[PDB]
Protein chains: 2
Amino acid sequence: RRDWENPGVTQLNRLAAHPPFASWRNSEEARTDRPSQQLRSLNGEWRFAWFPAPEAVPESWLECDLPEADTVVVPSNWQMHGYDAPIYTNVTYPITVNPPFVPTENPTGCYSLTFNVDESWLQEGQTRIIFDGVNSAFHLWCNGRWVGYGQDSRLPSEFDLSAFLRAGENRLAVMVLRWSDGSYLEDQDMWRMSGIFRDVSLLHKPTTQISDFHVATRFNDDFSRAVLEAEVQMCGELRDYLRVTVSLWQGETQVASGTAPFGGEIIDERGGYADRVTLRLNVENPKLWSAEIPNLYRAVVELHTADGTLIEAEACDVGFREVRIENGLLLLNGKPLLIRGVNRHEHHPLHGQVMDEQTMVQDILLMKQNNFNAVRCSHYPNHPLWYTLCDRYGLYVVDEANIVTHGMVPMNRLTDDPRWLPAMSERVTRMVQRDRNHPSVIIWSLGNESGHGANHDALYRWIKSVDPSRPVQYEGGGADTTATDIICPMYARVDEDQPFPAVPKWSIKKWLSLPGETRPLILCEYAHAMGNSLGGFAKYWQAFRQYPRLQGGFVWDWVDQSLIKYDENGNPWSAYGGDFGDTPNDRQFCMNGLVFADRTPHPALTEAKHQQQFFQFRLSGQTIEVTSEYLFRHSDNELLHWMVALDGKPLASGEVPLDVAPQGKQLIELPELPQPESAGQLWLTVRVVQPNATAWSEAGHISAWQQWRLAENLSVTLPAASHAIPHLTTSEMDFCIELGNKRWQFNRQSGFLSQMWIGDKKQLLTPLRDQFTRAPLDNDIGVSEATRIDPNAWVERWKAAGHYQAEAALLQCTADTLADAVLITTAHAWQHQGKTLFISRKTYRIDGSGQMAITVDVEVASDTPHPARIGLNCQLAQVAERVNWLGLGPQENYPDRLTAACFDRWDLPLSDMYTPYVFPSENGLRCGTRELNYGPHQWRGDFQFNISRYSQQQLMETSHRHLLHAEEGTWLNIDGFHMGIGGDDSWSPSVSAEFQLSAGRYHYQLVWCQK
Amino acid sequence: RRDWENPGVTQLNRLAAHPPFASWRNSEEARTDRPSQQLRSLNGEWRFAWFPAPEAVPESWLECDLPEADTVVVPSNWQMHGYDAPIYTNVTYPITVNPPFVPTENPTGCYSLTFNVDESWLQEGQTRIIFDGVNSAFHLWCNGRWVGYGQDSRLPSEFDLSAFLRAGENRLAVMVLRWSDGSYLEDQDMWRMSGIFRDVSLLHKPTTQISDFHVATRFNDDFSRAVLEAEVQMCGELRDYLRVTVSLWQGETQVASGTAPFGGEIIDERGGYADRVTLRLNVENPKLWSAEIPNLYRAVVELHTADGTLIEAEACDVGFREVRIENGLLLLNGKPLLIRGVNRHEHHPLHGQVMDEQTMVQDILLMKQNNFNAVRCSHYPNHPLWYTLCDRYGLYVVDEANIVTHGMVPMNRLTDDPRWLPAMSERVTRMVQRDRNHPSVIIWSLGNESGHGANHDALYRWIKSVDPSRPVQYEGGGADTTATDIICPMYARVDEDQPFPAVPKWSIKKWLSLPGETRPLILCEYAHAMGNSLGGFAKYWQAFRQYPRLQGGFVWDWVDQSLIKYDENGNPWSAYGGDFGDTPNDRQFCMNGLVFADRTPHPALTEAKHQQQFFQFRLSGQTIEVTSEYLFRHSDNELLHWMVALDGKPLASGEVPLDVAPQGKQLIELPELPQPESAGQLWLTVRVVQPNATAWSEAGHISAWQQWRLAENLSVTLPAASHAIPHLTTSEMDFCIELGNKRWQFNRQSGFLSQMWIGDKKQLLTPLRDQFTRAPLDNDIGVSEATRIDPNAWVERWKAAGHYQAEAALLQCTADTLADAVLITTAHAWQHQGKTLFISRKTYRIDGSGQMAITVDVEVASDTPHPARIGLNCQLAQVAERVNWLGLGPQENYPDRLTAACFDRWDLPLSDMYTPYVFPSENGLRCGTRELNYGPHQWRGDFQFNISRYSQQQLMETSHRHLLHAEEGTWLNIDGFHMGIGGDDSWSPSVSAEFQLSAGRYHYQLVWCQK
Ligand SMILES: [Mg+2]
Ligand SMILES: [Mg+2]
Ligand SMILES: [Mg+2]
Ligand SMILES: [Mg+2]
Ligand SMILES: [Mg+2]
Ligand SMILES: [Mg+2]
Ligand code: NA
Ligand code: NA
Ligand code: NA
Ligand code: NA
Ligand code: NA
Ligand code: NA
């Protein structure tokens, strides 16, 4: 038989699914959730051997350990140990599409383990082995005898081993196949790995056992009363003496208990379930669960003799909460949710797809620290510990079946096929059976990108029938089909329709009110955070808030899926698609995270944090209105710091305690601020600070901020009468200006400032020139490649229009000596193949103070694709340590992504002014800057800038950040105008019209002087 | 592997299901339904061997014919050749309830066949083998090599044999298992058999082939326009020159045709199906399909080339009809259906479960001849030919999946189990794929008696998704669960509620108007026709006609499941559960048919015919109001015969053509009749006769009848005053009377008329005594057995009250001589253990004309269960050939089943007064009789009677009809009153209160004389 090429065989001899078991024999240990002696971990060192095919595996390996084998850590992905290559592919299958067949060359991982079993385990009861995650299919032998087979890489596989194990030493033999018919339903946008990547354990259960238990909570109208209903099921001999006691604990206080014998109510004409019981406990004024306040109870389930012999005890954390969709709104405990979510893949730069507690906690700390309240299990059931953590810290979970068939043509070819229903159902049913008790899980998902098939309908109904407590969602086949309770599009824009045939992505605002439509809209995927992205993010959150039935979304995605590789010197670097010899690959498309692989934040993460704020603010005179977006909690760990500053210089500050009811408001009256004499703009800045530590944040954490412009005094005082008059020297090649120790040189052949002198030292390595192009972002490139050009993408439009190779023809270059200054006037035309793209007219005015006033006026042709930027650049000879500016900061910001930025006097070391995006591009811009200080230099005006050791050319010519070499000096980019970054998706033009440079005629002015 | 003990494996290497194929290579042959050279029948003589288990099957059988094996006919059940015993069990499984395991002793049927192929089939193409029916699971080998495995006894299993076939002799090897995990989903109340019981054939398709097609017909508001929609799917190498033409034919006239290349519309973000095409044909004024008028079109699907080379063609019959539920009603072509239905099992007394064309035709003819318009496929998909015949003759079909888990505890144990969804799905999905193109199939059914589980809901949805054309129904778990579009209870009563816990069977009238309920009600099973049954059938049909949303039901059931056995003499006799040594067995519960196994009518059939009439009548003066219950057809093959009779003697008659439109009315004026001068009751009997022969009926067929009482002239003249005078002889022991040669003897100890003489010849072999009991009907017994008494059952109630062994204590016996007569007055008390149950007070009067007038007045105790009858009985010495009577007839009729009966003079041979029920009981009664003639005797009055060679005693002491012997002379049972027979079900008291003998005091009078 070839079971790994048969969608009719998804397992052999596998035990039934169920919620997390520990088989406690003491009820207090169950209650306290302390470790169980009946649940052993088999994690540790195993013997591993790699083979090109299952046929290649030597018959002796079943009976005896192989000498060639190596000792490896388990859990692990065998790609991470370097046995074969991890493959990154986006849509296209890593194998030839020929269901259900896989290549005869199938990388086979032979794991083994010699382990010990106590006599006591074999003298009584049942001894089983649980494999939490095996990718993608595996056969299991024990002591040489075959046990079974199993598929689905993301759910536990369990087998009874009692009749196989002997006292003391035993040996496992797990032959794991990389490819199987299972792989056809596992086509997620991620690294294609394999092996025993989750926990392995041994569970001893009594013969007469708890085989399943469902916990439910239902509520009276105002949620002041609840009935906890627990349905318990058993295996073994049914006897009159059997009972179940379900007790409910709140810390140490037992709030409810119920005891009944077995034998459920009459179900049908043949009776009821004699092997079942339902316990109903009344709970007065229950503490409710939410991501805001994750109140938990502990439910202990005791199977026992009536006379008081505990046979075994299972347990779980209970969260009293209700999820329902009413009148088109998704409600948690009667209140409409606002999903501040992110899509999270299980990824580690070093370990691949093996999850650990430390990492999982770090993710949840960071998510909650950045105002996320939800997470999508994209696109599979997660590690069991994740759901427990979300229960405890507080995050709404979308639990998603392991069904992705994205590379099928058409996408629903398998999911419409009734012969593929058995395999699909197990990915849905065994998910529900495992996780249905977790309070954190609020929504079920039928998978991702598998079109819409009749199998989606059958399964949707199955979950509705089995579990009435949670809405079922699914995006495939149009995101509003009969398979989903929530409209859940991916990358639907706020206002713009993308009306594809059959599966249009309507404006989310437009979608809600289509003829006959009523359901809530929460995007399963939005704001593609690929490279320099997240532009246009605020547009989403303005809409989410304005529209009741727009209840948020899940950002794509959490972490960059980059992997650590090592160079000739042994130095680590972040690698992506293709870097492991893997081909075909979708290159850097695996990196779309708000955080890097090592969990270092991208600059976009702060933009998400600002938008997902839980407190809204308005200003009216001296009164600040604070509005709470919390649904259940009071502002009981919050105060408001406020700061008024004249262009960076602190004027007045104070603290006011935040006392806002959920959905409520607080009017905070500011003290009469004494206005200053000196000119400038007053800036109010408020920050919500948490004075006290929490489970998720430290004392002094900042949860929210906002800024306003207050009064402005425009400067009417002019500089003093100049102490000298600058001299001009004329040559055929050059205009040269001299004043004190300052010197300027304008080349008359080129028409640019080609050198500058402070004292006697050079100041330039490259002349000051106009620049209308940028090192293309990931959103600029889209899907375009050298082999396969996408002409619609921005980068190709600029290339084809000739923007990158257009050369400056000089039209005018003159010098005039004024009464107190010298005036250099120039004009340039940028041309490509007989087409004028840009004209740049400048005046440079240099007076007796030592200041150079540059005035730029640029014309852009209407029929040329809008330029990336409209500015200047040069390579300064200086290399300073610090960058000091008055403008938006501290972090990187761009026109369509600058709401999180605040205007203040910022001071950073040079290296921070560069964002190390793994795929190098235009980066580190700071907008709305009025003054920039770098070493001896000061620039003043109203500009946008970046400043680093790397040129735009080097940036656009390098594919990985580690290959970047610091150039001589410092590359300075000062733009009057910069195009938006986009990011609604990363495969088609996504920069909004209002952030495109399309005015035709642009003006900006800079003053360059020594500070 | 043990593949027959694993629900996860239901097939191995099996091909996809699909509508009926023939791989026609000529388009005209396809249009005309003529045979295809590409479809060979492998029916005929096979080689067969039997084994106790699969382990017992010798390994040589795979490549070599076993010498011990026999030559048998296939299709066949191996129980029918006597290899082992067929088992009849109703609910309790024929195997130990141990899912998924079956017995180690598992009877194995080894089938083999040596065959040859055409040369060209070896050259090229796809040669598959089709197994239409294998019970219950099998492995297939070809030329020694293993091909595949299959399950589900009631749907075809297909396997490709292309790579297995060779030149010359080829050999198949089929190992058939009686028990399998599939047995758990196949617990229908029926004989449990096994083997290859449906057709075996070979189909040679091209490699580029039509692999699937679906035909849909949708309409405008008035059905004057239709769009026929044909989606066609292909397999093989796609080519640009490939086309599909779907042509529509009305006889030899092409009405619509459509041609297209491959490649359907865009479905999702990955495109459309390149291997598919949908053809849309406009059809003006389509001839519509119904049971009344089965208008059929022919659609031909041609896979051809653009230049005009046919590759292959498929085809089906098309019936333009629309099924929808609107406003609570089931509509067919916009008109509310009235389902005159029956359940039909696939049964034959000799061939077991093998179906033949002749039998299937014989059933449909009889069904249609008895006013049925609908059939339920209880409880499995049928032999392919049943659907074709139903299309062509016109019968509404409920197609039912092969899923019955009746003996589970509780009934839904498997069906609520997600681990049984895979195996369940295939039984539903492969059914729809096979039968969806049939116009006869109006309703899909999810199975029968399997409780209600999540799987039902999931599978319900799957069909609603895949085929919106047809409603989905299912009865399990309370007949109104979320898994049914129709309220479809089994054995719910008209007015009486049976408020069972969890699964009540409400009054069908009450059920409709339950709070919130809107759906239509059609009983999937009603009126249990077990033995002498169908009492209270008219109550259903009155309710069906009055209540729009009561739309009928399916009678249980069509045919007795009795098998032919043979005695040592060689005589055939009808056998039931237990008669093959089968134990546990459910005895006679397999026979619940309106006909015997050989399709001979039970009396109950004529009652079903009468109540399911399509013409309703009312009388007003001399005017008959005839109303058509037809929805679509005009009365175009009908004329009315009206007959007027004075107590049997014809008075006036005539003919009137019926010109009634559907739902229309007609008035027929009767010519003023001769007013009879002589006394008596006038009767009117109208008949609807079909002058012309049809496809389903002979010329002169009677389809409807009705009777009325017209004017009555009561008799006022007294009988001729006689000359002679009866002479009394008194004795201690006897009272005797003489008149002429006629003589009467009254025993003064017993109090009964013990003998009668005419000349020397004596008239009685047993005294004339009171009878209060009957030989218990199947509806009297129910489930009650000797080993397990059901005290609630009617028979047991009588038994316990001592009705059967009560003795006649004589209270009074006096003789008086009158002026012209002798008067014998008696009084008897019936007592069991000191309790007087009955008292009988009689007066016998013998006058000078030799006429004996009996007056009977009975008292029944109120605390005793109501008596089965109140009458007299005796054994006459006479054996005459004829029975001539004036009353209801000619067929057997009972108080709650006498509507089909008609009042007239009836004359039948004696054996016709007996009804040969396989399980004998009270039978052959006729009610409302005013005169009875037998030999020299005549009885007059108003009585109910049966007359046979079998005593009530023998009938109740004899368990099989073939064991009955004719007793000396003739037994006569004249009842003044007879209890209803019942039959709403056959496991609890079902006789309606108005047909129970509960008046406490009863009167009746008979006149006995000798003409
Ligand atoms: Mg498989
Ligand atoms: Mg306790
Ligand atoms: Mg590639
Ligand atoms: Mg603002
Ligand atoms: Mg099986
Ligand atoms: Mg009548
Ligand atoms: Na909202
Ligand atoms: Na991606
Ligand atoms: Na680059
Ligand atoms: Na009706
Ligand atoms: Na039956
Ligand atoms: Na009997």
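Residues numbered from 1 in each chain as written, not as in the entry; some residues may be left out. Chains lettered and ligands numbered in written order. Part of a larger assembly, values for the part shown. Heavy atoms only, no water.

Test applied: UniProt positions are given in the numbering used here, feature names are shortened, and annotations may be inferred rather than shown by experiment.
For chain A, the PDB entry supplies the name Beta-galactosidase and the organism Escherichia coli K-12. Per its UniProt entry, chain A bears the Catalytic activity (unreviewed entry) comment "Hydrolysis of terminal non-reducing beta-D-galactose residues in beta-D-galactosides." Comment text from UniProt for chain A, heading Sequence similarities (unreviewed entry), reads "Belongs to the glycosyl hydrolase 2 family."

1. Focus on the interface of chain B and chain A
Threshold: Contacts are assigned to residue pairs that have any heavy atoms within 4.5 Å of one another. Once two parts are joined, some of their accessible surface, as seen by a 1.4 Å probe, is lost; buried area is that loss totalled over both. Each salt bridge in this description consists of a side-chain nitrogen of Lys or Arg and a carboxyl oxygen of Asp or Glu lying within 4 Å of one another. Secondary structure is summarised from DSSP: a helix means a run of H or I of at least four residues, a strand means a run of E of at least two, and numbering begins at the N terminus for each. Each residue receives one of three labels: charged for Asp, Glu, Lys and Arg, nonpolar for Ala, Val, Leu, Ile, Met, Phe, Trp, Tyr, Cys and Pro, and polar for the others, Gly being one of them.
Contact with chain B, which involves 55 residues of that partner, is made by 54 residues of chain A. Contact between chain B and chain A buries roughly 4500 Å² in total, counting both sides, with carbon and sulfur atoms accounting for 54%. Considering only the side of chain B, the residues that lose the most area to chain A are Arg1, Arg270 and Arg419 of chain B, jointly responsible for 17% of the buried surface there. Summed over the shared surface of chain B and chain A, the number is 5 salt bridges. Elements supplying a minimum of two residues to the side of chain B that touches chain A: β1 (11-12), α5 (421-435) and α6 (454-466) of chain B. The class makeup of the residues in the side of chain B that touches chain A is 24 nonpolar, 16 polar and 15 charged.

2. Notes on the coordination of the sodium ion (ligand 11)
Residue and element names in this part refer to chain B. Rules: The donor set comprises N, O and S atoms within 2.8 Å of the metal, extended to 3.2 Å for Na, K and Ca; water molecules are omitted, so apparent gaps in a site may simply reflect that omission. Any residue under 20% of the maximum accessible area for its type is buried, any over 50% is exposed, and the rest in between are partly exposed; the area is computed with a 1.4 Å probe on protein chains only.
For the sodium ion (ligand 11), the full set of protein donor atoms is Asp189 (OD), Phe589 (O) and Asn592 (OD1), at a range of 2.5 to 3.1 Å. Within one chain, the residues serving as donors to the sodium ion (ligand 11) are arranged as D-x399-F-x2-N. Comparing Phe589 with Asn592 shows no difference in burial state: the two are buried.

3. Remarks on the coordination of the sodium ion (ligand 7)
Residue and element names in this part refer to chain A. Within the first shell, the sodium ion (ligand 7) binds the protein through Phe544 (O), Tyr547 (O) and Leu550 (O), at distances of 2.4 to 2.9 Å. Written as a sequence motif, the donor residues of the sodium ion (ligand 7) are F-x2-Y-x2-L. Overall, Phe544 belongs to the buried group, its relative accessible area being 3%.

4. Focus: the sheet that holds strand β2 (residues 39-41) of chain B
All names here are of chain B. For clarity, the threshold we go by: We treat two strands as partners when DSSP finds at least two bridges between them. Lines are fitted to the C-alpha atoms to define the axes, a helix being fitted only along its stretch in contact, and any angle between axes, read from their N-to-C directions, falls within 0 to 180 degrees.
Taken together, the 4 strands give an open sheet; going across it, the order is β2-β15-β7-β11, and neighbouring strands pair in antiparallel fashion. Each of the sheet's edge strands pairs with one partner strand only, and the pair in question is β2 and β11 (157-160). If you compare each strand with its neighbour and ignore which way they point, the axes differ by 20 degrees on average. Sheet topology places strand β7 (residues 126-131) next to strand β15 (residues 200-205); 6 bridges connect them, and they run antiparallel. Within the sheet, the bridge partner assigned to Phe131 lies in β15 and is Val200.

5. Let's talk about the packing of α5 of chain B against α6 of chain B
Residue and element names in this part refer to chain B. Defined as follows: For this classification, under 35 degrees means roughly parallel, over 145 means roughly antiparallel, 65 to 115 means roughly perpendicular, and everything else is oblique. By definition, turning the near helix anticlockwise from the far helix through less than a right angle yields a left-handed crossing, and turning it clockwise yields a right-handed one.
Between α5 and α6, the least distance of the axes is 10 Å, while the angle of their chain directions is 25 degrees. Between α5 and α6, the angle is such that the two are roughly parallel. Handedness of the α5/α6 crossing: right-handed. Contacts between α5 and α6 involve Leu421, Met424, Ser425, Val428, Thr429 and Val432 from the first element and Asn455, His456, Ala458, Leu459, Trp462, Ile463 and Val466 from the second. For the contact of α5 with α6, the per-class residue count stands at 9 nonpolar, 4 polar and no charged.

6. Remarks on unusual backbone geometry
The residue after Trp556 of chain B, namely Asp557 of chain B, is reached through a cis peptide bond having omega -10 degrees. Of note, the bond from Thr583 of chain B into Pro584 of chain B is cis; its omega dihedral lies within 30 degrees of zero at 0 degrees. Residue position: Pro584 of chain B is located in the loop between β34 (572-575) and α9 (604-611). Phi angles above zero are rare outside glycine, and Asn143 of chain A is one such case at about 50 degrees. Among the secondary structure elements, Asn143 of chain A is positioned in the loop between β9 (137-142) and β10 (145-150). The backbone of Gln833 of chain B shows a phi angle near 45 degrees, a positive value even though the residue is not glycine. Among the secondary structure elements, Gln833 of chain B is positioned in the loop between β49 (821-832) and β50 (835-847).

7. Topic: the packing of aromatic side chains
For clarity, the cut-off: For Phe, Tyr and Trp, where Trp contributes only its six-membered ring, two rings pair if their centres lie within 6.5 Å, and the inter-plane angle classes them as stacked under 30 degrees, edge-to-face over 60, or tilted in between. Look at NZ for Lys and CZ for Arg. If either is within 6 Å of the ring centre and within 35 degrees of the ring normal, a charge sits over the ring.
Inspection of the entire model under this criterion finds 74 aromatic pairs over all chains. With a centroid separation of 5.6 Å and 75 degrees between ring planes, the pair formed by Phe615 of chain B and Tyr630 of chain B is classed as edge-to-face. Placement of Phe615 of chain B in strand β35 (residues 615-620) and of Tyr630 of chain B in the loop between β36 (623-628) and β37 (639-646) is noted, with a sequence separation of 15 residues between them. Judged by relative accessible area, which is 2%, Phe615 of chain B ranks as buried. You can call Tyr630 of chain B buried: its relative accessible area is 10%. Measuring from centroid to centroid gives 5.3 Å for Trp939 of chain B and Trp1008 of chain B, while their planes differ by 55 degrees, and the two rings are tilted. Of this pair, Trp939 of chain B sits in strand β56 (residues 937-948) while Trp1008 of chain B sits in strand β58 (residues 1001-1010), placing them 69 residues apart in sequence. Overall, the relative accessible area of 1% leaves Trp939 of chain B in the buried class. Among the residues examined, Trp1008 of chain B registers a relative accessible area of 4% and is labelled buried. Taken together, the aromatic side chains of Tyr526, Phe537, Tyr540, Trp541 and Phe544 of chain A make up a single cluster linked through ring pairs. The ring of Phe164 of chain A carries the charged tip of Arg145 of chain A above its face, separated from the ring centre by 4.1 Å. Over the ring of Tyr380 of chain B we find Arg154 of chain B, and its NZ or CZ is 3.9 Å from the ring centre.

8. Some points on helix α8 (residues 537-546) of chain A
All names here are of chain A. Worth spelling out the cut-off: As used here, the arc belongs to the directions running from the helix axis to the C-beta atoms.
Buried within α8 we find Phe537, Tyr540, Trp541, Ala543 and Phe544. Buried residues of α8, viewed axially, fall in a sector of 160 degrees; they line one side. The secondary structure elements touched by the buried residues of α8 are β28 (339-343), α7 (508-511), β33 (521-526), β34 (550-555) and α9 (604-611).

9. Some words on the pairing of strand β54 (residues 869-876) of chain A
Residue and element names in this part refer to chain A. When you tally the buried positions in β54, you get 8 out of 8 residues, the bulk of the element. Residue alternation in β54 divides its side chains into two sets, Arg869, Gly871, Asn873 and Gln875 and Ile870, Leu872, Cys874 and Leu876, and both sets are buried. Two elements, strand β49 (residues 764-771) and β54, share 5 bridges in a ladder whose sense is antiparallel. Each residue of the ladder has a partner; that of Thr766, found in β54, is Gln875. Two elements, β54 and strand β59 (residues 970-978), share 8 bridges in a ladder whose sense is antiparallel. Counterpart to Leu872 in the pairing with β59 is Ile974.

10. A look at the relation of the copies chain B and chain A
In this arrangement, two copies of a chain are superimposed by a rotation about an axis accompanied by a shift along the axis. Where we set the bar: Here the copies share a common frame obtained from a least-squares superposition of their C-alpha atoms.
Least-squares fitting of chain B to chain A yields an RMSD of 0.3 Å, with the transformation described by 0.0 Å of translation along the axis and a rotation of 180 degrees. Both copies of the chain, as the preceding transformation shows, are related through a two-fold rotation axis.

11. Here we look at the domain arrangement of chain A
All names here are of chain A. Condition: Domain segmentation is taken from an automatic or database assignment of domains. Any pair of N or O atoms that falls within 3.5 Å is considered a polar contact. Within protein, one atom must be able to donate a hydrogen and the other to accept it, and sequence-neighbouring residues count only if both atoms are side-chain atoms.
Each domain of chain A was delimited in the assignment, giving domain 1 (1-206), domain 2 (207-321), domain 3 (322-612), domain 4 (613-718) and domain 5 (719-1011). Computed from C-alpha atoms alone, the centre-to-centre distance between domain 1 and domain 3 is 27 Å. Each partner contributes residues to the interface: domain 1 has 45 residues there, and domain 3 has 48 residues. Among the residues of domain 1 in contact with domain 3, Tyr88, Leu185 and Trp191 are the three that bury the most area, contributing 19% of the side total. Where domain 1 meets domain 3, there are 6 salt bridges. Applying the counting criterion to the domain 1 and domain 3 interface returns 29 residue pairs in polar contact. Those elements that place two or more of their residues in the side of domain 1 that touches domain 3 are β5 (87-89) and β13 (190-192).

12. What to know about empty space enclosed by the protein
Over the atoms a probe the size of a water molecule is rolled, and this reveals where empty space is left. All names here are of chain B. Heads up, the condition is: Definitions used for this entry: grid spacing 1 Å over protein atoms alone; cavity, a set of points where a 1.4 Å probe fits but cannot get out; pocket, an open set with protein on both sides within 12 Å along at least 5 of 7 lines; lining residue, one with an atom within 4 Å of a point. Grid points are joined across faces, edges and corners, and a volume is the space filled by probe spheres set on the points.
Inspection of every chain in the model, using the stated rule, returns 19 cavities of 30 Å³ or more. Considering only enclosed or pocket space, the largest cavity measures out at about 170 Å³ in volume. Forming the boundary of the largest cavity are 19 residues, of which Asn135, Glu186, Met190, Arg192 and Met193 lie nearest the centre. The element that contributes the greatest number of residues to the lining of the largest cavity is strand β13 (residues 190-192), accounting for 3 residues. Class assignment for the residues of the lining of the largest cavity results in 8 nonpolar, 7 polar and 4 charged.

13. Here we look at the sheet that holds strand β7 (residues 126-131) of chain A
All names here are of chain A. Spatial strand order, β2-β15-β7-β11: 4 strands in an open sheet with antiparallel pairing. Every other strand in the sheet has two partners, leaving β2 (39-41) and β11 (157-160) as the edge strands with one partner each. Strand-to-strand twist across the sheet, computed as the mean angle between neighbouring axes with direction ignored, equals 20 degrees.

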